[PDB]
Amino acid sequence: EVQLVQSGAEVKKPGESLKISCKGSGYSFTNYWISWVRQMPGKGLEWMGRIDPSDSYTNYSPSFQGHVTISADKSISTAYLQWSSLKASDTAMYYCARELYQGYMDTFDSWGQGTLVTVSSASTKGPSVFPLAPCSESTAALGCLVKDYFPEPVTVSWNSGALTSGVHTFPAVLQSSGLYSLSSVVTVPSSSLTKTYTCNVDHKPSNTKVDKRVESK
């Protein structure tokens, strides 16, 4: 099986150095070029550059020119992407890709699974969790506001995973502060508010966990 596998996710501060990797297996590494592609959160794909692993010849986009160095180490069939000084603007998913020439063009026929790189001045912080209850019907909404954490992600469950139906946990937004925030809500029968509702908020990075009972009041 042709297969490119990338190193793990990174959380870094601006000014730091980073080298991420991509190891090919199931083919002749020196025989196929390797492209790197940036995908910013919510955005499309950006070709950064390429390299012929056999002699380490490199091509860069006029955009990524100089700001990033691509390299190859055929000793153990591994390609590299590296920065000397990261900026918060470098925050993105990064994919390595195998260039397979066919029909007279270079095609990205095989892709690594992606490396998430988050760059921020912020420091690790568990979230505060606030109830979302209606002021003083058909369906009724209640929720939890999970505020001021870093980095992503948190996971929310309701009533220890006992409640999954009708829950929406929204994608996190990045605040001015550099900290994330997100809401989780659930709609329930208005004749239940009887039933107790508690959101469980787990934040692995801060090794932290918060249960919040959401009172009908």
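The first residue of the sequence shown is number 1, and the count goes up from there.
Gap check for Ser75 to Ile76: zero deposited residues are absent from the model. The entry shows an unbroken chain from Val11 to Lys12, with no unmodelled residues of the deposited sequence in between. 76-84 and 92-100 differ in mean CA B-factor, and the higher of the two is recorded for 76-84. Once the C-alpha B-factors are averaged per stretch, 54-62 and 150-158 rank with 54-62 first.
Residues shown: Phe170, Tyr180, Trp47, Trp33. Highest C-alpha temperature factor in the entry: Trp33.
Residue-level inspection of the entry shows that, of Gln175, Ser165, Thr69, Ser184, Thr69 has the top Cα B-factor.
In the PDB entry, a CA B factor belonging to the middle third of its chain's modelled residues is recorded for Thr196.
Sort the chain's modelled residues by C-alpha temperature factor and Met105 lands in the highest third, per the entry. Among the modelled residues of its chain, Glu215 has a C-alpha B-factor that falls in the middle third according to the deposited record. Among all modelled residues in this chain, the alpha-carbon of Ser120 has a temperature factor (C-alpha) in the lowest third. Residue-level temperature factors show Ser136 in the highest third of its chain, judged at the C-alpha atom.
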